[PDB]
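Colleague: I am attaching a structure below and will ask some questions about it afterwards.
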Amino acid sequence: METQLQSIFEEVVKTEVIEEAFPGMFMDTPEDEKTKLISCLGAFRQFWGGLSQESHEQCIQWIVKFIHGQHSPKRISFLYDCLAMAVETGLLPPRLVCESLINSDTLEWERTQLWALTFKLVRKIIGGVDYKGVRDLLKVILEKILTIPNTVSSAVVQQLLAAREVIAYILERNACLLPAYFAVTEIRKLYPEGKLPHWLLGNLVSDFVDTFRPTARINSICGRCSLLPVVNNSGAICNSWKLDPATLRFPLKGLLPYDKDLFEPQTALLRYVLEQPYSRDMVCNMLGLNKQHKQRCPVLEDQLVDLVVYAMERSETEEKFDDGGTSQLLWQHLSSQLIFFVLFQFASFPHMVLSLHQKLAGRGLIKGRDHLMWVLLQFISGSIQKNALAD
Amino acid sequence: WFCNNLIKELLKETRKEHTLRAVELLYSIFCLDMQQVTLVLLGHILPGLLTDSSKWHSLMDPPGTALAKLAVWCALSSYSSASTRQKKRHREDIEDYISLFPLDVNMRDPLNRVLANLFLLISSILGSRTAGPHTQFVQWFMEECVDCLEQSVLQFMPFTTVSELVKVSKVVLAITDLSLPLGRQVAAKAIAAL
Amino acid sequence: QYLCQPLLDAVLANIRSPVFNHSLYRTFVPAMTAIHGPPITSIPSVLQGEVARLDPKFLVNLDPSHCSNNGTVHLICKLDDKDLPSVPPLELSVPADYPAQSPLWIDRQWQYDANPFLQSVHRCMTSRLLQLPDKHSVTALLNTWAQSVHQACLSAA
């Protein structure tokens, strides 16, 4: 098995030691490109005859690591011509032997002749690969391309350029080995919007995503960002209005190239919701919180500050067109729900203290001061014993 | 200052149409003072786009191609050659162009000076080894110089750069030969190396 | 080795001390200077050594094509022998750091066509070169290329 094929490969790939000393004297040629390959494939196929289905692949895993163990690249090319016809006979499938070459660590970005030979060979044996195998090989080829740094010496650049045309042939939709819908998913998984890919990928992938431009136009909804719901206490929150609580975007189907307006934070929807009263049930729905679980969201304390400082300018502009300025009702609203927010302690108080200290440092707008400590008094009076004086 | 503000904002894109709209708008915005942006883009911006190593990591498939098209739209138009305020602000200022660019048709016209200076930078990029995105940018440079050229805008080609394009690997070699009677023999030599 | 441990123990006790050079001075300086006496009144050189003892029957020079001043080098061979007939000139390929690596040679099957003699020359090349040992010099490949011309000429004649 492994030892018999060890002996066979040892007698096949050997450059004989006593040879090349007192040389050029025999009247005998060695076995040529056909006879030596026939002699090796006979032992290979009789070894394969006593080989089980599970043991077919693993010896292949040795075979490449023996082939990568060789150092004469003419002998390596002879072994490549051996394996080109070995998989042609059907003894080895051109689906499991493709990743065996790449899986070896000897195929790095410094064995560039081995790189060119390997990529030419897997280009040649690409015919016996299904759509799933194509999807499996493209991602490992892509990350192997990603292993090369940005700037490498240009002595062996053309040896490394072969993968670009290999992928370009793979990406050809007329042959249709695999749909491009699966092809764009892995690239988008590695390279989302606003994320630069590797410099070896070239313009083609930048064109390849561009052909998916109408598809998102199928899913495009006009004026979706400007649409807003109504705040109600009836339950049954509409799932179309819901967002992503972690980073404030709408949920998206797939990884299609959506437009820019779907990638910014929608602070306006929660702005309109929290500015109106009775924003109690659906504020937990749009943030996905059940309100009994302690999460302590840090960014959720941001907009609560950003409303309060906004509550400064509504108390600062005139406050004289009306006696209350339509502000003391909103001051009561801010006193009511902001303390309910810290009732479950999802907003830690000294963080708001330092954020207000940072925000008011620089502007110096002090006109509606009388409210500012008063609601602060509403924090101090009602929460006198639940905390220490550190806050 | 205005060019420096917008150039860094050009580096937020990954969608080719999305950056190409901005490039098309910036074409007209630069055409507001095309006579000056044809000399300040090639004067201090393009040397400032290649001096360091990591700075060409932004020069990629959408923005590098878009900027290369943007430059070649303006260059030809400046070769061909919009407000009273532009006439007002161009009166008083004087500038030593030789002090800025000592050059290592006329060779005193900054149209003939800075444009000829840029080809030295392209030769420096290509002749430098350790190929990266800079080689991609200079290969995207003149590939559109002939696309709009139905049929000299490229009269200032140095003679050493003719052999370089086949060193980095067509008909554009014959285009770069300028069909000169003195260029006839070196054109034959260049197409012999094929 | 025997009765020297005071001298060994003094230096380890006086180590990591800032007064070390002055403590040793203070304890030692007057003893020796008093009685014993007062103080006194392009291409690498590997290929340059390689081509030095190459055969004059080869006139190998650099390739006019391809890149230059880089790690990989290519040398096209010229054979001026009255004994041997005309053959294609052949071209090698040697990467950077020529010692301790196994180089290669170009491939062009259609150049050795229109004559079965040239096909036999190519088959003899594939016979002899496939058993050449690893990391050998260019003299071995040059001489195996040279002898195969006679080896095919004897079969042709």
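Residues in the structure tokens are numbered from 1 in each chain, the chains being A, B, ... in the order shown, and ligands are numbered from 1 in the order shown.
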Residues of chain B that approach chain C to 10 Å or less, counting only C-alpha atoms: could you list each one with the shortest pair of atoms and its distance in Å to one decimal, rows by chain and increasing residue number, as a tab-separated table?

Modeller:
```
residue	atom	partner	partner_atom	distance
B:129	CA	C:70	CA	9.0
B:166	CA	C:66	CA	9.7
B:167	CA	C:67	CA	6.9
B:168	CA	C:67	CA	9.3
B:193	CA	C:65	CA	7.6
B:194	CA	C:65	CA	9.6
```

Colleague: Mind checking which residues fall within 7 Å of residue 89 in chain C, counting only C-alpha atoms, ignoring those fewer than 6 positions away in the same chain, and posting them as a PyMOL selection string?

Modeller: chain C and resi 76-78

Colleague: Can you spit out the residues from that selection as a PDB file, in the first residue's frame, using N, CA, C and O atoms?

Modeller:
```
ATOM      1  N   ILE C  76      21.366  32.395 -24.136  1.00  0.00           N
ATOM      2  CA  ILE C  76      21.191  31.670 -25.389  1.00  0.00           C
ATOM      3  C   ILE C  76      22.558  31.209 -25.887  1.00  0.00           C
ATOM      4  O   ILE C  76      23.530  31.976 -25.875  1.00  0.00           O
ATOM      5  N   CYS C  77      22.643  29.941 -26.274  1.00  0.00           N
ATOM      6  CA  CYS C  77      23.917  29.300 -26.564  1.00  0.00           C
ATOM      7  C   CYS C  77      24.236  29.330 -28.054  1.00  0.00           C
ATOM      8  O   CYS C  77      23.351  29.209 -28.904  1.00  0.00           O
ATOM      9  N   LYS C  78      25.522  29.493 -28.357  1.00  0.00           N
ATOM     10  CA  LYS C  78      26.031  29.430 -29.721  1.00  0.00           C
ATOM     11  C   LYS C  78      27.069  28.321 -29.813  1.00  0.00           C
ATOM     12  O   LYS C  78      28.001  28.268 -29.005  1.00  0.00           O
TER      13      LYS C  78
END
```

Colleague: Using only C-alpha atoms, determine which residues lie at most 10 Å from range 34-44 of chain C, disregarding the query and same-chain residues fewer than 3 positions distant; provide the list as a ChimeraX atom specification.

Modeller: /C:29-31,47-49,68-71,73,96-98

Colleague: Measuring atom to atom with only C-alpha atoms, identify which of A:122, A:40, A:89, A:158 is nearest to chain C.

Modeller: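 Result for the nearest residue to chain C: A:158.
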
Colleague: Can you list, as number ranges by chain, every protein, DNA or RNA residue that comes within 10 Å of residue 123 in chain B when you count only C-alpha atoms, leaving out same-chain residues fewer than 3 positions away?

Modeller: B: 118-120, 126-128, 138, 158, 160-161, 164

Colleague: Taking only C-alpha atoms into account, which of A:164, A:95, A:217, A:56 comes nearest residue 130 in chain A?

Modeller: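 Closest to residue 130 in chain A of all the choices is A:95.
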
Colleague: Could you tell me which residues of chain A sit within 8 Å of chain C when counting only C-alpha atoms, and give me the result as a list in words?

Modeller: residues 14, 15, 16, 17, 19, 20, 24, 29, 30, 31, 32, 33, 71, 72, 73, 74, 75 and 155 of chain A

Colleague: Please produce a file of the residues just selected, as an mmCIF file, in the first residue's frame, where the atoms kept are C-alpha atoms.

Modeller:
```
data_model
loop_
_atom_site.group_PDB
_atom_site.id
_atom_site.type_symbol
_atom_site.label_atom_id
_atom_site.label_comp_id
_atom_site.auth_asym_id
_atom_site.auth_seq_id
_atom_site.Cartn_x
_atom_site.Cartn_y
_atom_site.Cartn_z
ATOM 1 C CA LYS A 14 15.058 8.697 -8.934
ATOM 2 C CA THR A 15 17.948 10.472 -10.605
ATOM 3 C CA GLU A 16 20.464 7.683 -10.173
ATOM 4 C CA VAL A 17 23.478 8.439 -7.992
ATOM 5 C CA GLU A 19 24.804 8.013 -13.086
ATOM 6 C CA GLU A 20 26.555 11.168 -14.412
ATOM 7 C CA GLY A 24 27.868 8.945 -21.569
ATOM 8 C CA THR A 29 18.139 5.156 -23.582
ATOM 9 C CA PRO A 30 15.901 5.406 -20.498
ATOM 10 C CA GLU A 31 12.140 5.013 -20.651
ATOM 11 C CA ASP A 32 10.663 7.973 -22.522
ATOM 12 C CA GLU A 33 7.568 10.105 -21.925
ATOM 13 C CA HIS A 71 13.101 19.587 -6.503
ATOM 14 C CA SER A 72 13.885 19.076 -10.204
ATOM 15 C CA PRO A 73 11.194 21.166 -11.932
ATOM 16 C CA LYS A 74 11.594 19.251 -15.182
ATOM 17 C CA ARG A 75 10.868 16.122 -13.138
ATOM 18 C CA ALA A 155 10.539 39.259 -11.132
#
```

Colleague: Please provide the set of residues having any atom within 10 Å of residue 207 in chain A, restricted to only C-alpha atoms, with same-chain residues fewer than 2 positions apart removed, written as a ChimeraX atom specification.

Modeller: /A:202-205,209-212 /B:15-16,61-62

Colleague: Dump N, CA, C and O atoms for the selected residues as an mmCIF file, in the first residue's frame?

Modeller:
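What landed in again_3.cif:
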```
data_model
loop_
_atom_site.group_PDB
_atom_site.id
_atom_site.type_symbol
_atom_site.label_atom_id
_atom_site.label_comp_id
_atom_site.auth_asym_id
_atom_site.auth_seq_id
_atom_site.Cartn_x
_atom_site.Cartn_y
_atom_site.Cartn_z
ATOM 1 N N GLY A 202 -8.104 42.834 -9.816
ATOM 2 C CA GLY A 202 -8.286 43.498 -11.090
ATOM 3 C C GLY A 202 -9.682 44.075 -11.263
ATOM 4 O O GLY A 202 -10.566 43.945 -10.417
ATOM 5 N N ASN A 203 -9.859 44.736 -12.409
ATOM 6 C CA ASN A 203 -11.107 45.423 -12.724
ATOM 7 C C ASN A 203 -12.276 44.474 -12.946
ATOM 8 O O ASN A 203 -13.426 44.908 -12.802
ATOM 9 N N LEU A 204 -12.005 43.207 -13.278
ATOM 10 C CA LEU A 204 -13.045 42.287 -13.736
ATOM 11 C C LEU A 204 -14.108 42.066 -12.667
ATOM 12 O O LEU A 204 -15.310 42.155 -12.949
ATOM 13 N N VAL A 205 -13.679 41.815 -11.426
ATOM 14 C CA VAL A 205 -14.625 41.669 -10.326
ATOM 15 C C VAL A 205 -15.376 42.977 -10.090
ATOM 16 O O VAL A 205 -16.580 42.959 -9.802
ATOM 17 N N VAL A 209 -19.479 42.707 -10.223
ATOM 18 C CA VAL A 209 -20.503 43.204 -9.311
ATOM 19 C C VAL A 209 -21.433 44.172 -10.033
ATOM 20 O O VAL A 209 -22.641 44.210 -9.753
ATOM 21 N N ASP A 210 -20.901 44.939 -10.994
ATOM 22 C CA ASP A 210 -21.682 45.976 -11.664
ATOM 23 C C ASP A 210 -22.844 45.394 -12.459
ATOM 24 O O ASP A 210 -23.907 46.019 -12.554
ATOM 25 N N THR A 211 -22.676 44.182 -13.002
ATOM 26 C CA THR A 211 -23.756 43.516 -13.720
ATOM 27 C C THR A 211 -24.919 43.141 -12.811
ATOM 28 O O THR A 211 -26.016 42.869 -13.314
ATOM 29 N N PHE A 212 -24.713 43.125 -11.496
ATOM 30 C CA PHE A 212 -25.788 42.913 -10.539
ATOM 31 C C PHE A 212 -26.511 44.201 -10.172
ATOM 32 O O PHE A 212 -27.363 44.179 -9.278
ATOM 33 N N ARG B 15 -18.362 51.206 -5.686
ATOM 34 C CA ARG B 15 -19.241 50.963 -6.822
ATOM 35 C C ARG B 15 -18.826 51.872 -7.973
ATOM 36 O O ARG B 15 -18.707 53.088 -7.791
ATOM 37 N N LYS B 16 -18.608 51.278 -9.151
ATOM 38 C CA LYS B 16 -18.026 52.012 -10.272
ATOM 39 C C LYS B 16 -18.954 53.099 -10.802
ATOM 40 O O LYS B 16 -18.491 54.204 -11.095
ATOM 41 N N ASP B 61 -9.591 49.718 -8.687
ATOM 42 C CA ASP B 61 -10.306 49.502 -9.945
ATOM 43 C C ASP B 61 -11.423 50.514 -10.208
ATOM 44 O O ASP B 61 -11.485 51.025 -11.340
ATOM 45 N N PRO B 62 -12.328 50.843 -9.279
ATOM 46 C CA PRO B 62 -13.221 51.994 -9.540
ATOM 47 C C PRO B 62 -12.483 53.327 -9.566
ATOM 48 O O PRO B 62 -12.514 54.006 -10.607
#
```

Colleague: In Å, rounded to a single decimal, give me how far CA of residue 260 in chain A is from CA of residue 25 in chain B.

Modeller: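 CA of residue 260 in chain A lies at a distance of 17.8 Å from CA of residue 25 in chain B.
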
Colleague: What gap, in Å, lies between CA of residue 139 in chain A and CA of residue 53 in chain A?

Modeller: 26.5 Å
